[PDB]
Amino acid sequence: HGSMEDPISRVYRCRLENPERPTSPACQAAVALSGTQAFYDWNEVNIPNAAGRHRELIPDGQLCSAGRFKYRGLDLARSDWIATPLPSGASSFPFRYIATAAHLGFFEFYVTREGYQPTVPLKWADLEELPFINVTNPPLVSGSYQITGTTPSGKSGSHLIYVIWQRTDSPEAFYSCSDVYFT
């Protein structure tokens, strides 16, 4: 159980804005759609069944909810999701995935391709084909996994990082969307 902490996922950020009275316009819209309980369950954007079959089980336009109607507020294609500034072509960004319960598993990091439009629902073809980080059981430190990688280098502006956490002792996987701004 968990989600991305840095850059922070939509689901965990909206939780931290308080589901009872959200502060950012995008989270207001998201909580209005999904209701509050989904956001208190920010750590469980999962498919208990995945077994690595992400593209098969998750329809286009439902990447951020992982095809789960419960998390449909995360699929909103808004221009005003709050984004984490991120350098393009750098190896020092402190990536963090907060785990309420650690698991045996690996994390695949994907970024959106050039010419991604935040105003269009996220489709599989909006992401790069290959992950820019794939890491098995990275160090767990103070409740968060610390992950190192090089960000792809010819990027600027509003993008998204999609993190898939596939367990190795279980078919269960977790799915995280993080809004970022390359700069």
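We number the residues from 1 along the sequence you see.
> Lowest, middle or highest third: where is residue 91 by Cα B-factor in its chain?
Middle third of the chain for residue 91's C-alpha B-factor.
> Would you mind checking where the Cα B-factor of residue 42 ranks among the modelled residues of its chain, as the lowest, middle or highest third?
CA B-factor rank for residue 42: middle third.
> Per the entry's values, where does residue 66 land by CA temperature factor relative to the rest of its chain, in the lowest, middle or highest third?
For residue 66, the deposited C-alpha B-factor lands in the middle third.
> Sorting the chain's modelled residues by C-alpha B-factor, tell me whether residue 152 ends up in the lowest, middle or highest third.
Highest third of the chain for residue 152's C-alpha B-factor.
> If you rank every modelled residue in this chain by C-alpha B factor, which third holds residue 23: lowest, middle or highest?
Middle third.
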